[PDB]
Amino acid sequence: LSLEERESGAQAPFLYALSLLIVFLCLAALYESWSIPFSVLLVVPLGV
Amino acid sequence: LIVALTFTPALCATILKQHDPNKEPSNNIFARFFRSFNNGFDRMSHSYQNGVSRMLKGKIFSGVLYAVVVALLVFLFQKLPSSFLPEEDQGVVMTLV
Amino acid sequence: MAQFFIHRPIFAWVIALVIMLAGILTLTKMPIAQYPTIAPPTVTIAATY
Ligand SMILES: CCCCCCCCCCCCCCCCCC(=O)OC[C@H](COP(=O)(O)OCCN)OC(=O)CCCCCCCCCCCCCCCCC
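- Where the PDB entry is consulted, chain C appears under the name Efflux pump membrane transporter, with the organism given as Acinetobacter baumannii.
- The title assigned to this entry in its PDB record is "Multidrug Efflux pump AdeJ".

- If you check the PDB entry, chain A appears there as Efflux pump membrane transporter from Acinetobacter baumannii.

Here is the structure:
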C-alpha cells in the first residue's frame, strides 16, 4: 500500500480540479453567464 | 462543418461591429496598403475575365491545350519510379565484418 | 441550428471549450509511433548445446 500511495499521490487534487472546472462550465451553459455559476459553487462547504 | 454551423455564427454575432456610413477613412501606412491591394486585385479580375473570354471564343485552341496537358501528364507519370516508402536517414549506421 | 447558438453565445463557447479540453487531455495519453501499422507477432526459441 505504501508504494500504491506514492503512485496515487497528486491524482485526487488534479481530479477534483477538473471536476470543478466542468461544473463551472456546465452551470455557465445553463444560466448563460460567466458570473452566476459562482453563487452555486459557493455552496460546497455547507454540506461538508 | 459543425463548428461553422454553431461556433462561428455566434462568434460573428458577438464579435463583429456594425458598419458606419461615414467619412472615416484614415490615411495610414497600415491602412493604405489595403486600399492599393484592393484596387490592384479589382483590375486583375478584369484581366482574368478578358482572358476567359478569349479562351471561350477560341474553341480549337482550348481543346488542343487541354489535350496536350493530359498527354504531358501521362508521359510524366511513367518517368517517376515507384517505391513503397522513402529512405530516411535515421542517424545510425551498422557495419558488418 | 445556427439560430440557437446565435442567441446563446456562452453556450457555444462552453461547447468549444469542452471539446478543446477533451482533446488536450487525449493528447497527453496517446501513443506515438512513426507508422500506424503494428508489426505481427514473432516468437523465438533459443537452445544451446
Ligand atoms: C472530457 C469531457 C467529456 C467530453 C465529451 C465530448 C463532448 C460532448 C459534447 C459536449 C457536452 C457539453 C455538456 C454541456 C451541458 C449543458 C447543460 C445545460 O445546461 O444545457 C441546458 C440545455 C437546455 O437548454 P434550454 O432548453 O434552453 O433551457 C434553459 C433554461 N430555459 O440542455 C440541452 O439542450 C441538452 C444538452 C445535452 C444534455 C446532455 C445530458 C448529459 C447526459 C450525460 C450522460 C452520459 C454520461 C457518460 C458517463 C461516462 C461514464 C464512464
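## Observations regarding the interface of chain C and chain B
Okay, so step 1: Taken residue by residue, the interface counts eight residues in chain C and nine residues in chain B.
Okay, so step 2: Where chain C abuts chain B, roughly 710 Å² becomes buried across the two surfaces, and 78% of that area is made up of carbon and sulfur atoms.
Okay, so step 3: Of all residues in chain C, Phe 5, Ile 6 and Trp 13 of chain C bury the most surface against chain B, accounting for 44% of the area lost on that side.
Okay, so step 4: Remark: the boundary between chain C and chain B carries zero salt bridges.
Okay, so step 5: Here chain C and chain B share zero residue pairs in polar contact between them.
Okay, so step 6: Sorting the residues of the side of chain C that touches chain B by element identifies α1 (2-6) and α2 (9-27) of chain C as the ones contributing at least two each.

## Regarding the site of the ligand
Okay, so step 1: In the vicinity of the ligand, the residues found are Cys 26 and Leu 30 of chain A together with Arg 8, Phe 11 and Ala 22 of chain C.
Okay, so step 2: At the ligand, the nearby residues belong to more than one chain, namely chains A and C.
Okay, so step 3: Expressed as a share of its isolated accessible area of 1300 Å², the protein-covered part of the ligand is 29%.
Okay, so step 4: Looking at the shell around the ligand, the elements that each hand over two or more residues are α2 (12-31) of chain A together with α2 of chain C.
Okay, so step 5: Classifying every residue of the shell around the ligand by side-chain character gives four nonpolar, no polar and one charged.

## A few points about the nonpolar core
Okay, so step 1: Ranked by size, the top nonpolar core spans eight residues in total: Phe 24, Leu 25, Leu 27, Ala 28, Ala 29 and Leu 41 of chain A together with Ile 10 and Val 14 of chain C.
Okay, so step 2: Within the residue set of this core, elements represented by two or more residues are α2 of chain A together with α2 of chain C.
Okay, so step 3: Take this core: its biggest share by element is five residues, from α2 of chain A.
Okay, so step 4: Apart from residues lying up to four places away in sequence, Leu 41 of chain A is in contact with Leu 20, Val 23, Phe 24 and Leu 27 of chain A.
Okay, so step 5: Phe 7 of chain B together with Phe 5, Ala 12 and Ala 16 of chain C belong to the second-largest nonpolar core, a separate cluster that totals five residues.

The rules behind each value
- Residues numbered from 1 in each chain as written, not as in the entry; some residues may be left out.
- Chains lettered and ligands numbered in written order.
- Part of a larger assembly, values for the part shown.
- Heavy atoms only, no water.
- Contact = heavy atoms within 4.5 Å.
- Buried area = accessible area lost by both parts, 1.4 Å probe.
- Salt bridge = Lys/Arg side-chain N within 4 Å of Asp/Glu carboxyl O.
- Polar contact = N/O pair within 3.5 Å; in protein donor to acceptor, adjacent residues only side chain to side chain.
- Helix = DSSP H or I, 4+ residues; strand = E, 2+ residues; numbered from the N terminus.
- Near = heavy atom within 4 Å.
- Areas by Shrake-Rupley, 256 points an atom, 1.4 Å probe, with all protein chains shown as cover.
- Nonpolar A, V, L, I, M, F, W, Y, C, P; charged D, E, K, R; others polar.
- Core = buried A, V, L, I, M, F, W, Y, C linked by side-chain atoms within 4.5 Å.
- Buried < 20%, exposed > 50% of the residue type's maximum accessible area, 1.4 Å probe, protein only.

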